[PDB]
Amino acid sequence: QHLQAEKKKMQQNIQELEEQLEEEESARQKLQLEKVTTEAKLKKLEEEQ
Amino acid sequence: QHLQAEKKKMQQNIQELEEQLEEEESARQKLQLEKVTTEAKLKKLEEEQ
Amino acid sequence: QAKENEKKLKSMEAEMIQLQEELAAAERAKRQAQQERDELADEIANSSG
Amino acid sequence: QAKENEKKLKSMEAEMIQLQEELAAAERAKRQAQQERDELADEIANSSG
């Protein structure tokens, strides 16, 4: 019972970490997309300058 | 043994998930700053042009 | 607590990231102004001068 | 390692405070740059007329 109780806590921690990783990874992907768009647009302005 | 192996295997998953969060957050923190800095530069780069 | 403390690091990164957004734009403003404070100045002495 | 994560937040605090000084100095120059840029923009226009 103490093992299953502590073992089940590992699943909760993994599940609690999965929601964080899915949220952090999803937010990181959005930042990379904006950085690529801003970097591409910045290169156009720099080239025109 | 199953609970010990499960709790031990699950513990390794938490370490892998925790390590991914540190690596994901480390890249997100640098990507977020680069995205915001690039976005801020884009707003200023447009004024430069 | 490590995950909770890490949340404060990513949250505090917003301040540094936010400051970089205004710092990058503010720093870039000097380059745009310097490029115009000197180019137009030299031309002002030729056109207005 | 939890202290390391907290140290990273504390370390970022020192860098965040340092970034405020750069933004403050850049903000002062950015505000003055706008006045100089606007003056040259209007001065160059008067030279044409």
# chains A, B, ... in the order shown; residues from 1 in each chain; ligands from 1
>>> calpha_fit_rmsd(fixed="chain A", moving="chain B")
1.2 Å
>>> closest_atom_pairs(of="chain B", to="chain D", cutoff="12 Å", atoms="only C-alpha atoms", output="JSON lines")
{"residue": "B:18", "atom": "CA", "partner": "D:1", "partner_atom": "CA", "distance": 11.6}
{"residue": "B:19", "atom": "CA", "partner": "D:1", "partner_atom": "CA", "distance": 11.6}
{"residue": "B:21", "atom": "CA", "partner": "D:5", "partner_atom": "CA", "distance": 11.9}
{"residue": "B:22", "atom": "CA", "partner": "D:5", "partner_atom": "CA", "distance": 9.2}
{"residue": "B:25", "atom": "CA", "partner": "D:5", "partner_atom": "CA", "distance": 11.4}
{"residue": "B:26", "atom": "CA", "partner": "D:8", "partner_atom": "CA", "distance": 10.8}
{"residue": "B:29", "atom": "CA", "partner": "D:12", "partner_atom": "CA", "distance": 11.2}
{"residue": "B:44", "atom": "CA", "partner": "D:30", "partner_atom": "CA", "distance": 11.3}
{"residue": "B:47", "atom": "CA", "partner": "D:34", "partner_atom": "CA", "distance": 11.4}
{"residue": "B:48", "atom": "CA", "partner": "D:37", "partner_atom": "CA", "distance": 11.1}
>>> residues_around(residues="residue 27 (chain B)", least_positions_apart="6", cutoff="12 Å", atoms="only C-alpha atoms", output="ChimeraX atom specification")
/A:24-25,27-29,31-32 /B:20-21,33-35 /C:10
>>> write_last_selection(atoms="N, CA, C and O atoms", output="mmCIF file, in the first residue's frame")
data_model
loop_
_atom_site.group_PDB
_atom_site.id
_atom_site.type_symbol
_atom_site.label_atom_id
_atom_site.label_comp_id
_atom_site.auth_asym_id
_atom_site.auth_seq_id
_atom_site.Cartn_x
_atom_site.Cartn_y
_atom_site.Cartn_z
ATOM 1 N N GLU A 24 4.662 24.167 -21.605
ATOM 2 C CA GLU A 24 5.917 24.861 -21.872
ATOM 3 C C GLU A 24 6.389 24.616 -23.300
ATOM 4 O O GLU A 24 6.836 25.548 -23.980
ATOM 5 N N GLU A 25 6.297 23.372 -23.774
ATOM 6 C CA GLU A 25 6.695 23.076 -25.147
ATOM 7 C C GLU A 25 5.792 23.788 -26.145
ATOM 8 O O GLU A 25 6.267 24.311 -27.160
ATOM 9 N N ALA A 27 4.124 26.605 -25.615
ATOM 10 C CA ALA A 27 4.464 28.024 -25.564
ATOM 11 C C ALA A 27 5.814 28.289 -26.213
ATOM 12 O O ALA A 27 6.006 29.327 -26.859
ATOM 13 N N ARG A 28 6.765 27.364 -26.056
ATOM 14 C CA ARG A 28 8.070 27.536 -26.685
ATOM 15 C C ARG A 28 7.959 27.494 -28.204
ATOM 16 O O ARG A 28 8.648 28.246 -28.904
ATOM 17 N N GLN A 29 7.099 26.620 -28.733
ATOM 18 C CA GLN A 29 6.915 26.554 -30.179
ATOM 19 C C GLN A 29 6.331 27.853 -30.719
ATOM 20 O O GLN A 29 6.715 28.312 -31.801
ATOM 21 N N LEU A 31 6.767 30.838 -29.420
ATOM 22 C CA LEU A 31 7.823 31.844 -29.380
ATOM 23 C C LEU A 31 8.800 31.663 -30.536
ATOM 24 O O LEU A 31 9.274 32.647 -31.115
ATOM 25 N N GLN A 32 9.112 30.412 -30.886
ATOM 26 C CA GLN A 32 10.011 30.166 -32.008
ATOM 27 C C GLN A 32 9.395 30.632 -33.321
ATOM 28 O O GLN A 32 10.093 31.189 -34.177
ATOM 29 N N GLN B 20 13.835 17.374 -19.059
ATOM 30 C CA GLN B 20 13.277 18.005 -20.251
ATOM 31 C C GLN B 20 12.734 19.392 -19.935
ATOM 32 O O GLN B 20 12.885 20.322 -20.736
ATOM 33 N N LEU B 21 12.099 19.551 -18.772
ATOM 34 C CA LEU B 21 11.597 20.864 -18.379
ATOM 35 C C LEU B 21 12.737 21.865 -18.238
ATOM 36 O O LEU B 21 12.626 23.012 -18.684
ATOM 37 N N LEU B 33 13.222 35.420 -24.907
ATOM 38 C CA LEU B 33 13.953 36.682 -24.943
ATOM 39 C C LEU B 33 14.344 37.049 -26.369
ATOM 40 O O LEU B 33 14.238 38.215 -26.767
ATOM 41 N N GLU B 34 14.798 36.069 -27.153
ATOM 42 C CA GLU B 34 15.144 36.340 -28.545
ATOM 43 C C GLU B 34 13.912 36.731 -29.349
ATOM 44 O O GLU B 34 13.972 37.634 -30.193
ATOM 45 N N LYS B 35 12.782 36.062 -29.103
ATOM 46 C CA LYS B 35 11.553 36.410 -29.807
ATOM 47 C C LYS B 35 11.079 37.807 -29.428
ATOM 48 O O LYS B 35 10.701 38.598 -30.301
ATOM 49 N N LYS C 10 11.294 31.506 -14.665
ATOM 50 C CA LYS C 10 10.670 31.833 -15.943
ATOM 51 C C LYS C 10 9.824 33.093 -15.831
ATOM 52 O O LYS C 10 9.763 33.898 -16.769
#
>>> residues_around(residues="residue 27 (chain C)", least_positions_apart="3", cutoff="10 Å", atoms="only C-alpha atoms", output="list in words")
residues 41 and 44 of chain B; 20, 21, 22, 23, 24, 30, 31 and 32 of chain C; 22, 23, 25, 26, 27, 28, 29, 30 and 33 of chain D
>>> write_last_selection(atoms="N, CA and C atoms", output="compact mmCIF listing (two decimals), in the first residue's frame")
# COMPACT_ATOMS: atom_id res chain seq x y z
N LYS B 41 12.94 44.65 -31.86
CA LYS B 41 13.80 45.17 -32.92
C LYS B 41 13.02 45.35 -34.22
N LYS B 44 11.26 48.49 -34.02
CA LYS B 44 12.22 49.57 -34.17
C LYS B 44 12.90 49.54 -35.53
N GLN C 20 14.41 43.96 -22.06
CA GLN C 20 15.15 43.88 -23.31
C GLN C 20 14.32 44.39 -24.48
N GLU C 21 13.00 44.20 -24.44
CA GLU C 21 12.14 44.71 -25.50
C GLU C 21 12.22 46.23 -25.59
N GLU C 22 12.10 46.91 -24.44
CA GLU C 22 12.23 48.36 -24.43
C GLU C 22 13.68 48.80 -24.59
N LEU C 23 14.62 48.04 -24.01
CA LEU C 23 16.03 48.39 -24.16
C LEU C 23 16.48 48.26 -25.61
N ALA C 24 16.06 47.18 -26.28
CA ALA C 24 16.43 47.01 -27.69
C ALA C 24 15.84 48.13 -28.54
N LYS C 30 18.61 55.25 -30.69
CA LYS C 30 19.81 56.08 -30.78
C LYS C 30 20.49 55.92 -32.13
N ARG C 31 20.53 54.69 -32.65
CA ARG C 31 21.13 54.47 -33.96
C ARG C 31 20.34 55.17 -35.06
N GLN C 32 19.01 55.08 -35.01
CA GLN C 32 18.19 55.76 -36.01
C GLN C 32 18.33 57.28 -35.88
N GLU D 22 20.63 49.52 -17.98
CA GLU D 22 20.84 49.68 -19.42
C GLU D 22 19.59 50.26 -20.09
N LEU D 23 18.41 49.78 -19.70
CA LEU D 23 17.18 50.32 -20.25
C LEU D 23 16.96 51.76 -19.80
N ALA D 25 19.33 53.99 -19.00
CA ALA D 25 20.25 54.80 -19.79
C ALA D 25 19.83 54.84 -21.25
N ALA D 26 19.33 53.72 -21.78
CA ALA D 26 18.86 53.71 -23.16
C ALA D 26 17.55 54.48 -23.30
N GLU D 27 16.68 54.40 -22.29
CA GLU D 27 15.43 55.15 -22.34
C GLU D 27 15.69 56.65 -22.35
N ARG D 28 16.65 57.11 -21.54
CA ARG D 28 17.01 58.52 -21.54
C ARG D 28 17.55 58.95 -22.90
N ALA D 29 18.40 58.12 -23.51
CA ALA D 29 18.91 58.44 -24.83
C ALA D 29 17.84 58.30 -25.90
N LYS D 30 16.93 57.33 -25.75
CA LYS D 30 15.85 57.17 -26.71
C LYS D 30 14.93 58.39 -26.70
N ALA D 33 16.85 61.07 -28.23
CA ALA D 33 17.04 60.77 -29.65
C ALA D 33 15.82 61.17 -30.47
>>> closest_residue(among="A:15, A:42, A:23, A:9", to="chain B", atoms="only C-alpha atoms")
A:42
>>> calpha_fit_and_write(fixed="chain C", moving="chain D", output="compact mmCIF listing (two decimals) with N, CA and C atoms, in the first residue's frame")
# COMPACT_ATOMS: atom_id res chain seq x y z
N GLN D 1 9.67 26.63 -1.05
CA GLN D 1 10.15 27.95 -1.46
C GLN D 1 11.20 27.86 -2.57
N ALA D 2 11.87 26.72 -2.70
CA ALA D 2 12.84 26.55 -3.78
C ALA D 2 12.18 26.75 -5.13
N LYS D 3 10.94 26.27 -5.29
CA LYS D 3 10.21 26.50 -6.53
C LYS D 3 9.94 27.98 -6.75
N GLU D 4 9.70 28.73 -5.67
CA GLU D 4 9.51 30.17 -5.81
C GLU D 4 10.75 30.84 -6.37
N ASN D 5 11.93 30.46 -5.87
CA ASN D 5 13.17 30.99 -6.42
C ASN D 5 13.33 30.61 -7.88
N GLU D 6 13.02 29.35 -8.22
CA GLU D 6 13.05 28.94 -9.62
C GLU D 6 11.98 29.66 -10.43
N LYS D 7 10.80 29.88 -9.83
CA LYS D 7 9.76 30.63 -10.52
C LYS D 7 10.20 32.06 -10.79
N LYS D 8 10.95 32.65 -9.85
CA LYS D 8 11.48 33.99 -10.08
C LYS D 8 12.40 34.02 -11.29
N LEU D 9 13.27 33.02 -11.42
CA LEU D 9 14.12 32.92 -12.60
C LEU D 9 13.28 32.70 -13.86
N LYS D 10 12.27 31.83 -13.77
CA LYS D 10 11.38 31.63 -14.91
C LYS D 10 10.56 32.89 -15.18
N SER D 11 10.08 33.55 -14.13
CA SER D 11 9.36 34.80 -14.32
C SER D 11 10.24 35.86 -14.96
N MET D 12 11.51 35.94 -14.54
CA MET D 12 12.44 36.87 -15.16
C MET D 12 12.70 36.51 -16.62
N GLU D 13 12.62 35.22 -16.96
CA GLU D 13 12.79 34.82 -18.35
C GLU D 13 11.72 35.43 -19.23
N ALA D 14 10.46 35.41 -18.77
CA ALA D 14 9.39 36.05 -19.53
C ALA D 14 9.63 37.55 -19.65
N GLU D 15 10.05 38.19 -18.55
CA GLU D 15 10.38 39.61 -18.61
C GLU D 15 11.62 39.85 -19.45
N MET D 16 12.59 38.94 -19.38
CA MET D 16 13.79 39.07 -20.21
C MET D 16 13.44 38.99 -21.69
N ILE D 17 12.57 38.05 -22.06
CA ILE D 17 12.13 37.95 -23.45
C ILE D 17 11.37 39.21 -23.85
N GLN D 18 10.54 39.73 -22.94
CA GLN D 18 9.83 40.98 -23.22
C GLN D 18 10.80 42.15 -23.36
N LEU D 19 11.85 42.17 -22.53
CA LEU D 19 12.84 43.23 -22.64
C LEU D 19 13.57 43.17 -23.98
N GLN D 20 13.78 41.97 -24.51
CA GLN D 20 14.42 41.85 -25.82
C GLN D 20 13.57 42.50 -26.90
N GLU D 21 12.25 42.36 -26.81
CA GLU D 21 11.37 43.02 -27.78
C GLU D 21 11.48 44.53 -27.68
N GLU D 22 11.52 45.06 -26.45
CA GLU D 22 11.69 46.50 -26.28
C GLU D 22 13.05 46.96 -26.78
N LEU D 23 14.11 46.20 -26.48
CA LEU D 23 15.43 46.54 -26.98
C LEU D 23 15.51 46.41 -28.50
N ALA D 24 14.87 45.37 -29.05
CA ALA D 24 14.85 45.20 -30.50
C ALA D 24 14.15 46.37 -31.17
N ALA D 25 12.98 46.75 -30.67
CA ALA D 25 12.28 47.90 -31.22
C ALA D 25 13.06 49.19 -30.96
N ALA D 26 13.69 49.30 -29.79
CA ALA D 26 14.50 50.48 -29.50
C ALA D 26 15.78 50.48 -30.32
N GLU D 27 16.38 49.30 -30.53
CA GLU D 27 17.59 49.22 -31.34
C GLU D 27 17.31 49.64 -32.77
N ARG D 28 16.17 49.22 -33.33
CA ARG D 28 15.81 49.63 -34.68
C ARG D 28 15.62 51.14 -34.76
N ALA D 29 14.97 51.73 -33.75
CA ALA D 29 14.80 53.18 -33.72
C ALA D 29 16.12 53.89 -33.43
N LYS D 30 16.97 53.29 -32.59
CA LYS D 30 18.26 53.90 -32.30
C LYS D 30 19.14 53.95 -33.55
N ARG D 31 19.16 52.87 -34.32
CA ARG D 31 19.93 52.86 -35.56
C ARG D 31 19.40 53.90 -36.54
N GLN D 32 18.07 53.96 -36.70
CA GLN D 32 17.48 54.96 -37.57
C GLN D 32 17.63 56.37 -37.00
N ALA D 33 17.63 56.49 -35.67
CA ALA D 33 17.81 57.80 -35.05
C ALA D 33 19.19 58.36 -35.34
N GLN D 34 20.21 57.50 -35.37
CA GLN D 34 21.56 57.96 -35.68
C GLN D 34 21.63 58.52 -37.10
N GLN D 35 20.96 57.87 -38.05
CA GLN D 35 20.94 58.38 -39.42
C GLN D 35 20.22 59.72 -39.50
N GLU D 36 19.07 59.84 -38.83
CA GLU D 36 18.36 61.11 -38.82
C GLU D 36 19.13 62.19 -38.07
N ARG D 37 19.75 61.82 -36.94
CA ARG D 37 20.54 62.79 -36.19
C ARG D 37 21.77 63.23 -36.99
N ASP D 38 22.45 62.28 -37.63
CA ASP D 38 23.61 62.64 -38.44
C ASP D 38 23.20 63.50 -39.64
N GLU D 39 22.04 63.21 -40.23
CA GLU D 39 21.56 64.01 -41.35
C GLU D 39 21.27 65.44 -40.92
N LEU D 40 20.58 65.60 -39.79
CA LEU D 40 20.29 66.94 -39.29
C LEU D 40 21.56 67.66 -38.87
N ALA D 41 22.51 66.93 -38.28
CA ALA D 41 23.78 67.55 -37.90
C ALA D 41 24.54 68.06 -39.12
N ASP D 42 24.54 67.28 -40.20
CA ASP D 42 25.20 67.72 -41.43
C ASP D 42 24.35 68.72 -42.20
N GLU D 43 23.02 68.56 -42.17
CA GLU D 43 22.16 69.50 -42.87
C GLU D 43 22.22 70.88 -42.23
N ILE D 44 22.22 70.94 -40.90
CA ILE D 44 22.32 72.23 -40.21
C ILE D 44 23.66 72.89 -40.49
N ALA D 45 24.72 72.09 -40.65
CA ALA D 45 26.02 72.65 -40.98
C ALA D 45 26.04 73.24 -42.38
N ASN D 46 25.40 72.57 -43.34
CA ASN D 46 25.33 73.10 -44.69
C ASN D 46 24.51 74.38 -44.74
N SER D 47 23.47 74.48 -43.91
CA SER D 47 22.67 75.69 -43.88
C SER D 47 23.48 76.89 -43.42
N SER D 48 24.42 76.68 -42.49
CA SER D 48 25.26 77.78 -42.04
C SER D 48 26.23 78.23 -43.14
N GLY D 49 26.75 77.28 -43.91
CA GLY D 49 27.64 77.60 -45.01
C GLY D 49 26.91 78.00 -46.27
>>> atom_distance(atom1="CA of residue 16 (chain B)", atom2="CA of residue 10 (chain A)")
12.4 Å
>>> atom_distance(atom1="CA of residue 1 (chain B)", atom2="CA of residue 14 (chain A)")
20.2 Å
>>> atom_distance(atom1="CA of residue 4 (chain B)", atom2="CA of residue 17 (chain B)")
19.4 Å
>>> decode(residues="chain C", atoms="C-alpha atoms", output="mmCIF file, in the first residue's frame")
data_model
loop_
_atom_site.group_PDB
_atom_site.id
_atom_site.type_symbol
_atom_site.label_atom_id
_atom_site.label_comp_id
_atom_site.auth_asym_id
_atom_site.auth_seq_id
_atom_site.Cartn_x
_atom_site.Cartn_y
_atom_site.Cartn_z
ATOM 1 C CA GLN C 1 9.847 23.287 -4.711
ATOM 2 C CA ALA C 2 12.396 23.022 -7.532
ATOM 3 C CA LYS C 3 9.585 23.129 -10.092
ATOM 4 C CA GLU C 4 7.876 25.920 -8.145
ATOM 5 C CA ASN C 5 11.153 27.834 -7.845
ATOM 6 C CA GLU C 6 11.709 27.284 -11.571
ATOM 7 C CA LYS C 7 8.341 28.934 -12.235
ATOM 8 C CA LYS C 8 9.669 32.069 -10.536
ATOM 9 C CA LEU C 9 12.758 31.954 -12.763
ATOM 10 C CA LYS C 10 10.670 31.833 -15.943
ATOM 11 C CA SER C 11 8.386 34.505 -14.482
ATOM 12 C CA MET C 12 11.354 36.697 -13.542
ATOM 13 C CA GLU C 13 12.705 36.142 -17.061
ATOM 14 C CA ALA C 14 9.684 38.072 -18.345
ATOM 15 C CA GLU C 15 11.039 41.175 -16.604
ATOM 16 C CA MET C 16 14.468 40.752 -18.199
ATOM 17 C CA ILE C 17 12.770 39.846 -21.484
ATOM 18 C CA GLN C 18 10.381 42.793 -21.164
ATOM 19 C CA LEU C 19 13.236 45.150 -20.276
ATOM 20 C CA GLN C 20 15.150 43.883 -23.314
ATOM 21 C CA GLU C 21 12.141 44.710 -25.502
ATOM 22 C CA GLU C 22 12.228 48.360 -24.433
ATOM 23 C CA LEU C 23 16.028 48.390 -24.158
ATOM 24 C CA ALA C 24 16.426 47.013 -27.686
ATOM 25 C CA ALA C 25 13.961 49.569 -29.062
ATOM 26 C CA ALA C 26 15.440 52.374 -26.952
ATOM 27 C CA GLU C 27 18.994 51.410 -27.918
ATOM 28 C CA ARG C 28 17.985 51.101 -31.575
ATOM 29 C CA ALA C 29 16.374 54.549 -31.380
ATOM 30 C CA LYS C 30 19.808 56.075 -30.777
ATOM 31 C CA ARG C 31 21.135 54.470 -33.964
ATOM 32 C CA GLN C 32 18.193 55.764 -36.007
ATOM 33 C CA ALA C 33 18.500 59.226 -34.454
ATOM 34 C CA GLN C 34 22.290 59.261 -34.828
ATOM 35 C CA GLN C 35 21.964 58.256 -38.486
ATOM 36 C CA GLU C 36 19.573 61.193 -38.947
ATOM 37 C CA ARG C 37 21.171 63.603 -36.463
ATOM 38 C CA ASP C 38 24.402 63.440 -38.501
ATOM 39 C CA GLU C 39 23.242 62.750 -42.068
ATOM 40 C CA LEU C 40 20.651 65.535 -42.104
ATOM 41 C CA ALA C 41 23.024 67.762 -40.123
ATOM 42 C CA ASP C 42 25.747 67.429 -42.759
ATOM 43 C CA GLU C 43 23.128 67.942 -45.475
ATOM 44 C CA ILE C 44 21.523 70.848 -43.599
ATOM 45 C CA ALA C 45 24.828 72.715 -43.872
ATOM 46 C CA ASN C 46 24.792 72.025 -47.630
ATOM 47 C CA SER C 47 21.084 72.681 -48.276
ATOM 48 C CA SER C 48 20.332 75.255 -45.572
ATOM 49 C CA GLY C 49 23.948 76.398 -45.285
#
